[PDB]
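K.L.:
Chains as they are written, first to last, in PDB author numbering: chain A, 24 to 561; chain A', 24 to 561. A prime marks a further copy of an entry chain.
Protein chains: 2
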Amino acid sequence: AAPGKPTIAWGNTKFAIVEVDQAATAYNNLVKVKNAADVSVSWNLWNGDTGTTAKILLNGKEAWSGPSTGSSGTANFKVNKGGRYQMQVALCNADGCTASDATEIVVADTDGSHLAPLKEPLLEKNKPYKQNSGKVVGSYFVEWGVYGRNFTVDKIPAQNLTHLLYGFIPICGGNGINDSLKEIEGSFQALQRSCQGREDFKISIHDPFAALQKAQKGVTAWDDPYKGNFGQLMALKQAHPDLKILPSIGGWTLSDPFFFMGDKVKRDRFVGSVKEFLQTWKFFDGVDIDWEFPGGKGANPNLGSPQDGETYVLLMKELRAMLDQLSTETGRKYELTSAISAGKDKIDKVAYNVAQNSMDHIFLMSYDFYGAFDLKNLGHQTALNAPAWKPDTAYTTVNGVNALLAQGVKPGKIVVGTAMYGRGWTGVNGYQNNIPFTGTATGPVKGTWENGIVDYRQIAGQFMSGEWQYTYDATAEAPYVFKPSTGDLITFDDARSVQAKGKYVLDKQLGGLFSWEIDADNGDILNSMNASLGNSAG
Amino acid sequence: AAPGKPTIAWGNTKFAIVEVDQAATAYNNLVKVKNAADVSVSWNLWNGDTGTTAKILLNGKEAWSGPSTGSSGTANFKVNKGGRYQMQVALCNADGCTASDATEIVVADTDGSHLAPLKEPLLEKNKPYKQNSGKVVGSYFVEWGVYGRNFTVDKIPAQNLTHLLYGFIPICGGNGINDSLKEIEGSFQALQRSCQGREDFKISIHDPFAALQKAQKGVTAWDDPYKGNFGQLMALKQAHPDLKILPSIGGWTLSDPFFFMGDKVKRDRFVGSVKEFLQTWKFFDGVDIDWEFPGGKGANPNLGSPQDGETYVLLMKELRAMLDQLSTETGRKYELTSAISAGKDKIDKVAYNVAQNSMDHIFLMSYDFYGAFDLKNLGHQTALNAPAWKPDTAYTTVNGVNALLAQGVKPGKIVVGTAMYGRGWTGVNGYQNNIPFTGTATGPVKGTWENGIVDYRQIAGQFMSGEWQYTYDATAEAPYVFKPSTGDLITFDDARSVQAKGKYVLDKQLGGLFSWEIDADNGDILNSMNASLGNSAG
Numbered sequence: 024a025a026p027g028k029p030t031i032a033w034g035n036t037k038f039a040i041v042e043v044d045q046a047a048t049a050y051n052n053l054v055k056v057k058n059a060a061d062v063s064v065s066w067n068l069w070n071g072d073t074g075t076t077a078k079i080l081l082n083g084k085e086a087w088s089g090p091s092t093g094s095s096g097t098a099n100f101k102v103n104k105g106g107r108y109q110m111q112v113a114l115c116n117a118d119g120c121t122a123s124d125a126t127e128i129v130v131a132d133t134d135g136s137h138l139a140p141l142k143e144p145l146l147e148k149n150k151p152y153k154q155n156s157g158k159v160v161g162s163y164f165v166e167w168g169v170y171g172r173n174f175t176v177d178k179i180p181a182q183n184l185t186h187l188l189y190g191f192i193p194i195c196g197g198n199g200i201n202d203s204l205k206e207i208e209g210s211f212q213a214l215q216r217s218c219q220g221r222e223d224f225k226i227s228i229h230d231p232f233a234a235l236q237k238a239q240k241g242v243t244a245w246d247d248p249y250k251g252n253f254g255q256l257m258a259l260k261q262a263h264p265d266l267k268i269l270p271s272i273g274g275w276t277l278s279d280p281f282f283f284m285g286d287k288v289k290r291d292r293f294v295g296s297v298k299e300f301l302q303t304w305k306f307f308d309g310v311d312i313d314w315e316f317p318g319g320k321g322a323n324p325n326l327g328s329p330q331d332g333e334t335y336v337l338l339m340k341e342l343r344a345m346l347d348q349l350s351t352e353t354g355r356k357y358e359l360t361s362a363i364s365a366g367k368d369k370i371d372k373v374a375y376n377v378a379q380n381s382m383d384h385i386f387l388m389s390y391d392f393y394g395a396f397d398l399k400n401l402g403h404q405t406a407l408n409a410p411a412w413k414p415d416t417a418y419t420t421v422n423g424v425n426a427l428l429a430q431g432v433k434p435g436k437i438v439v440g441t442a443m444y445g446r447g448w449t450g451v452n453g454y455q456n457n458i459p460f461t462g463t464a465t466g467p468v469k470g471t472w473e474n475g476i477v478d479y480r481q482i483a484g485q486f487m488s489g490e491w492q493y494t495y496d497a498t499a500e501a502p503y504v505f506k507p508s509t510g511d512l513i514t515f516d517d518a519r520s521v522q523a524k525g526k527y528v529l530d531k532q533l534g535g536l537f538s539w540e541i542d543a544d545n546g547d548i549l550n551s552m553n554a555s556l557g558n559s560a561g
Numbered sequence: 024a025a026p027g028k029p030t031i032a033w034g035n036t037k038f039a040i041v042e043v044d045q046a047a048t049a050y051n052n053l054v055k056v057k058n059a060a061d062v063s064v065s066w067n068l069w070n071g072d073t074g075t076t077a078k079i080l081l082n083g084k085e086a087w088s089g090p091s092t093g094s095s096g097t098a099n100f101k102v103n104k105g106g107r108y109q110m111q112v113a114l115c116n117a118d119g120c121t122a123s124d125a126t127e128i129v130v131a132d133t134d135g136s137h138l139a140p141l142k143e144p145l146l147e148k149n150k151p152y153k154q155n156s157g158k159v160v161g162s163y164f165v166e167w168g169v170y171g172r173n174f175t176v177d178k179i180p181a182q183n184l185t186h187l188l189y190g191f192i193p194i195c196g197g198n199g200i201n202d203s204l205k206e207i208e209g210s211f212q213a214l215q216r217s218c219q220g221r222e223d224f225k226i227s228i229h230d231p232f233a234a235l236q237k238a239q240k241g242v243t244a245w246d247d248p249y250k251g252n253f254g255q256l257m258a259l260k261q262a263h264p265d266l267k268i269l270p271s272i273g274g275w276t277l278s279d280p281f282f283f284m285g286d287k288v289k290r291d292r293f294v295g296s297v298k299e300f301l302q303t304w305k306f307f308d309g310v311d312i313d314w315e316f317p318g319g320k321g322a323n324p325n326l327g328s329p330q331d332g333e334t335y336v337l338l339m340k341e342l343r344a345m346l347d348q349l350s351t352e353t354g355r356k357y358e359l360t361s362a363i364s365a366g367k368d369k370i371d372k373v374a375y376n377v378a379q380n381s382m383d384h385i386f387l388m389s390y391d392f393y394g395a396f397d398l399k400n401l402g403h404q405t406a407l408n409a410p411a412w413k414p415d416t417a418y419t420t421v422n423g424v425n426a427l428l429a430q431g432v433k434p435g436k437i438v439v440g441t442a443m444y445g446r447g448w449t450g451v452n453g454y455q456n457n458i459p460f461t462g463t464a465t466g467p468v469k470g471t472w473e474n475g476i477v478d479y480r481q482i483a484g485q486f487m488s489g490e491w492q493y494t495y496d497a498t499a500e501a502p503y504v505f506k507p508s509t510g511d512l513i514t515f516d517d518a519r520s521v522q523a524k525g526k527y528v529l530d531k532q533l534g535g536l537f538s539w540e541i542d543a544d545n546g547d548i549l550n551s552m553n554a555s556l557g558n559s560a561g
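(1) Since residue 524 (chain A) sits in a beta bridge, which residues does DSSP pair it with?
(2) May I have the straight-line CA-CA distance separating residue 369 (chain A) from residue 67 (chain A'), to the nearest angstrom?
(3) Look up residue 110 (chain A') in the DSSP assignment and say whether it is helix, strand or coil.
(4) From the DSSP output, read off the bridge partner residues of residue 62 (chain A').
(5) So that I know if they touch, is there some Cβ in chain A' lying closer than 8 Å to that of residue 448 (chain A)?
(6) Rounding to the nearest angstrom, what Cα-Cα distance links residue 289 (chain A) and residue 200 (chain A) in this structure?
(7) Does the stretch 373 to 384 of chain A' come close enough to the stretch 434 to 448 of chain A' to have 3 or more Cβ pairs within less than 8 Å?
(8) Give the range of the alpha helix (DSSP H) segment to which residue 428 (chain A') is assigned.
(9) Looking only at its chain, what residues have a beta carbon closer than 6 Å to the beta carbon of residue 365 (chain A'), apart from the 5 residues adjacent to it on each side?
(10) Do you know whose CA, among A:197, A:313, A:420, lies nearest residue 405 (chain A)'s CA?
(11) In angstroms, rounded to a whole number, what distance separates the CA positions of residue 208 (chain A') and residue 52 (chain A')?
(12) Do the CB positions of residue 382 (chain A) and residue 360 (chain A) come within less than 8 Å of each other?
(13) Quick one: list the residues of chain A' neighbouring residue 33 (chain A), beta-carbon separation under 8 Å, in chain order.
(14) Mapping DSSP to helix, strand and coil, what is residue 507 (chain A)?
(15) What's the call for residue 480 (chain A), buried or exposed, on a 16-neighbour Cβ count within 10 Å?
(16) Cβ closer than 8 Å: which chain A residues qualify as neighbours of residue 232 (chain A')?
(17) Please list the residues of the stretch 84 to 116 of chain A' that have a C-beta atom closer than 8 Å to any C-beta atom in chain A, keeping them in chain order.
(18) If you follow the beta strand (DSSP E) that residue 272 (chain A') is in, where does it begin and where does it stop?
(19) Please check if any C-beta of chain C sits within less than 8 Å of the C-beta of residue 220 (chain A).
(20) Just the Cα atoms here: how many angstroms apart are residue 548 (chain A) and residue 261 (chain A')?
(21) Measuring CA to CA, which of A:499, A:417, A:28 is closest to residue 115 (chain A)?
(22) Does residue 495 (chain A) pass the burial test, meaning 16 or more other C-beta atoms within 10 Å, or should it be called exposed?
(23) Beta-carbon of residue 573 (chain A) versus every beta-carbon of chain A': anything under 8 Å?
(24) Can you give, in chain order, each stretch of the alpha helix (DSSP H) that sits fully within the stretch 213 to 281 of chain A' and has at least 4 residues?
(25) What residue from A:471, A:37, A:282, A:267 has the CA that sits closest to residue 247 (chain A)'s CA?
(26) Going along the chain, which residues of its own chain have a beta-carbon closer than 6 Å to the beta-carbon of residue 195 (chain A), five neighbours each way excluded?
(27) In the DSSP assignment, what are the bridge partners of residue 361 (chain A')?
(28) Under 9 Å, CB to CB, which of the residues in the stretch 188 to 201 of chain A' have a partner in chain A?
(29) So, does the stretch 489 to 507 of chain A' touch the stretch 531 to 541 of chain A', judging by three or more C-beta pairs under 8 Å?
(30) Measuring CB to CB, does residue 545 (chain A') end up less than 8 Å from residue 148 (chain A')?
(31) Which of the three DSSP states, helix, strand or coil, is assigned to residue 167 (chain A)?
(32) Ignore the nearest five residues each way along the sequence and tell me which others in residue 185 (chain A)'s own chain have a CB closer than 6 Å to its CB.
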């Protein structure tokens, strides 16, 4: 007669293709890319003839086969695709096969193929939109917002975005390569711990704890291979297969390494590490280059050179050539984008009309025009246009857009930025005709996380009541709150300015809108971004 | 300054003192008694000075110590007591110690020290009693009731018992030693699989799957070392520390090995295997010996000898001497009990007046007096007394008790049995004066699980309506249902007969009441057992 029915032995059922070492702090030791997961099963025959051949089946397809020589057995085999499988053990003899009940096993991959969709309800005032305009709707998610700000991937109103940028992936390098990090306590040392044993000019993960190890909704079990931001990004991708997730390389304190990329040896090393990073972390859909800024004038006063524009253009052609190869090997579409300065002075330094051919989108940083970094020159930090009182204002969204169009950049490539925070000053005095902006400040406003910067959420929450006057400047197309008693003044974006920006994009045929940073919004800014571009309410 | 704060690495947190191999069917390979569990921890220092010495603390007491030579570490140490501990990793230097947040680890033992109390609500008609009479209230739980009967440890109304007997632990041995098992399909072969490589005359587990591996409430996780009946018995003991759990060795089909114990070599081997079993499975509180029966007349017609009574008495003195040693080594009290035949003919074969000195309780099997095993002689299967119509009836509870008292057994040692099932016949005919019991049967009643036997629950549920007449015989003190049309007749115990038995115990100063088998009751029998002995309603 046919063999008796085997019983799957209790044992581990979660295996990984890409493994994360749990007692490793250096990137190089933290991640192990294998070709396949090593799976193992054991069975007991409590009752009956043990058959003559034992088989392991994954979804009814044989993964292993061997002689059934006893009451218990163990099979070791390799699984090369991530997913959840129904595993069965079958005992066979000339009279037939007897299969065990199925046990589900999990083969993890950076695909997020083994995960359940992270599908969370929209919070605060976020409202549902359908992404039907065909315009980009983007925002940045910051790796460190998981601590004090406590804004985790599960809180992102994901259906309201087309593009999610992850700030920020660092470039390895010590003294001389990453000095701007030193201004932030423990930041420089964390990068040297993460980069131990790794070559300078290779990409790494800044905070491996927040990125891969912190338990977050959906990746809370001890044995989940991927936890933290990466693990929830994999799951969110299961839930929204259309959302493009781009790693952002660079930023204000992480831009120093780009200034050395004039050396091709270093550039090729960098480009090869990014190819490797995308092959390691499969849920990412391309790369975002946030070099602040070719020519200098970023965090480090000692860097900047006239060669910068050329290295920038070569870097984009080369990344594009590696993304094009990756695309054809994998069958996916990889995007190459870049966040650039909106100042005409910085735009002038690069040949965007040339660089645009390697790029999918150009994220125009049309924010930070004015702030507590300047106490003498007050103005609208993100206005579309120049104010009435100073028509020649240099820093304007339109000046930014016009500079690029002038170079020959196609309008469709340009994604306009919106701020989800305001910048302010305290002690504004000596203003004329009631425009506090004509006065001078004595300091920076008390901020949410840090001085001079305020989360929109808190602006919306506390500063639109009490002594706070509110004015919507309709010439510049920008709002501002002012508290006369203390001279506190804040420049920010609101649902109306965002609407002005959204209509502008439509009129000029620009590419979409993006914002910095999603954690700071209460939903008003994102709702407005979606609405103004013509996305349908869901 | 003091070291930074370490982060416990994700990893296994469940270790075992006594380990169960998960791909082993033979008792000898299934269980491994170690002196201590082997515990392991890893940590990462994401931020700060790694200190100079690393320590592992279990509830603030150091378990391991070593040089802190980096950002990550691993400690391996031994824990010798089961329990749940708050584990912390601390980094120390001359400026102070910095302790991690606590991670709970589980060190499993057969104590059930690592488990949460299995504290389940009473089901069906079970009502709560306080065990204040000081009388024994016992019942048997059968290992195989977990399948078809589907009665698991979580369904036992545990607060309503003083003693729980687990049926049945087998004695190893093949051809000639365990032939009675052969009458039950696969039973003999299961014992040979369990006993592979183990000496004849050593105790084993019949069904290791039901006993240790079947997922049951409270022991459902893959990594719980103890699942099945044993695992839930450990947990139930956490919940009811006062309930005595006794393994029952023997029974109807497992009694054959006792007949060879006249050879001391075999007896000593048996006694040593039981000491070992109690040291392995710590939630057990002594041993129950169910030798059916010294002198023969059990399942095997080829066994029985006049020496049996002597071997029985020696076996009890020797078990007692090993339990007395175990008690003093552990500081616990171990009970030695025995289930014996209530027939005067079988009682006469042993010197109970002598054996009683080694025994805590004698479970008098005052049930099975009559059944479908005899179609010509009908009678009350568990009556206290003789019926009016046959005053000389041999098989009676009182005849059973009287035989022992006559031998000199102390009344206090005697625990009277109650049935939680009925035995019946079909086609009763030729009865006189309306007593179906004066007729003859033609077969056995259709039973619940098997022919001739009915669960009380089903008697209570289906046969006290319809054509079923009901009569309570107040002379014998026993009820019976009869269906005249088919001649179906059933003898059983009910709440009134149990009350009669309970008052008898009180009057005669007997030890308590016990029943066979708890799965079959709906609560009526147990309620009555508790009530009749004078236990207070809770």
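Yeah, the Cβ is synthetic: ideal placement off N, Cα and C, and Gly gets one too.
P.N.:
Based on what the coordinates show:
(1) Counting from 1 along the first sequence, the entry for residue 524 (chain A) is found at position 501. Looking at the DSSP assignment, residue 524 (chain A) forms no beta bridge with any residue, so it has no partner.
(2) Here residue 369 (chain A) corresponds to residue number 346 of the first sequence, with the count starting at 1. Here residue 67 (chain A') corresponds to residue number 44 of the second sequence, with the count starting at 1. Taking the straight line from one Cα to the other gives about 42 Å.
(3) Start at 1 with the first residue of the second sequence, and residue 110 (chain A') comes out as number 87. Assigned with DSSP and collapsed to three states, residue 110 (chain A') falls in strand.
(4) As a first step, residue 62 (chain A') must be located in the second sequence, where it is residue number 39. Looking at the DSSP assignment, residue 62 (chain A') forms a beta bridge with A':100.
(5) Against the first sequence, residue 448 (chain A) aligns to sequence position 425. Closer than 8 Å to the CB of residue 448 (chain A) there is not a single CB belonging to chain A'.
(6) Indexing the first sequence from 1 puts residue 289 (chain A) at position 266. Indexing the first sequence from 1 puts residue 200 (chain A) at position 177. C-alpha separation (whole angstroms): 12 Å.
(7) Touching, yes.
(8) To locate residue 428 (chain A'), count along the second sequence from 1; it is residue 405. Residues 420 to 430.
(9) Locating residue 365 (chain A') in the second sequence gives position 342, counting from the first residue. Excluding sequence positions up to five before and after residue 365 (chain A'), its CB lies within less than 6 Å of the CB of 387, 388, 389, 423, all in the same chain and listed in chain order.
(10) Here the question's residue 405 (chain A) lines up with position 382 in the first sequence. Cα-wise, what sits closest to residue 405 (chain A) is A:420.
(11) Translated into the one-based positions of the second sequence, residue 208 (chain A') becomes position 185. Translated into the one-based positions of the second sequence, residue 52 (chain A') becomes position 29. Put simply, the backbone Cα of residue 208 (chain A') is about 25 Å away from that of residue 52 (chain A').
(12) Counting from 1 along the first sequence, the entry for residue 382 (chain A) is found at position 359. Counting from 1 along the first sequence, the entry for residue 360 (chain A) is found at position 337. Contact flag set, yes.
(13) Position 10 of the first sequence, counting from 1, holds the residue named residue 33 (chain A). Neighbours of residue 33 (chain A) on chain A', chain order: 45, 236, 245, 246, 250.
(14) To locate residue 507 (chain A), count along the first sequence from 1; it is residue 484. Reduced to three states, the DSSP call for residue 507 (chain A) is coil.
(15) Locating residue 480 (chain A) in the first sequence gives position 457, where the first residue counts as 1. Buried is the call here.
(16) Taking the first residue of the second sequence as position 1, residue 232 (chain A') is located at position 209. Correct list: 30, 67, 69.
(17) Cβ contacts with chain A: 94, 95, 96, 97.
(18) In the second sequence, the residue the question calls residue 272 (chain A') occupies position 249. Boundaries of the beta strand (DSSP E) harbouring residue 272 (chain A'): 267 to 274, taken from the DSSP string.
(19) Among the protein chains in the structure shown, which are A and A', there is no chain C.
(20) To locate residue 548 (chain A), count along the first sequence from 1; it is residue 525. To locate residue 261 (chain A'), count along the second sequence from 1; it is residue 238. So the alpha carbons of these two residues sit roughly 56 Å apart.
(21) As a position in the first sequence, residue 115 (chain A) is number 92, starting the count at 1. Taking only the C-alpha atoms, the option nearest residue 115 (chain A) is A:28.
(22) Position 472 of the first sequence holds residue 495 (chain A). Classification of residue 495 (chain A): exposed, given that the 10 Å Cβ count is below 16.
(23) This structure leaves residue 573 (chain A) out entirely; chain A is present only between 24 and 561.
(24) Complete alpha helix (DSSP H) runs here, min 4: 251 to 262.
(25) Position 224 of the first sequence, counting from 1, holds the residue named residue 247 (chain A). Out of A:471, A:37, A:282, A:267, A:37 has the C-alpha closest to the C-alpha of residue 247 (chain A).
(26) If you number the first sequence from 1, residue 195 (chain A) lands on position 172. The residues 218, 221, 223, 225, 227, in chain order, have a CB closer than 6 Å to that of residue 195 (chain A) in the same chain once the five nearest residues on each side in sequence are set aside.
(27) The sequence position of residue 361 (chain A') within the second sequence is 338, counting from 1. Its beta-bridge partners are A':312, A':385.
(28) The stretch 188 to 201 of chain A' vs chain A, Cβ under 9 Å: nothing.
(29) Touching, no, given that fewer than three Cβ pairs across the two stretches are closer than 8 Å.
(30) The residue given as residue 545 (chain A') occupies position 522 in the second sequence. The residue given as residue 148 (chain A') occupies position 125 in the second sequence. Result yes, Cβ atoms of residue 545 (chain A') and residue 148 (chain A') sit closer than 8 Å.
(31) Position 144 of the first sequence, counted from the start, is the residue given in the question as residue 167 (chain A). Helix at residue 167 (chain A).
(32) Stepping through the first sequence from its first residue, residue 185 (chain A) is reached at position 162. Closer than 6 Å at Cβ, skipping near neighbours: 154, 159, 160.
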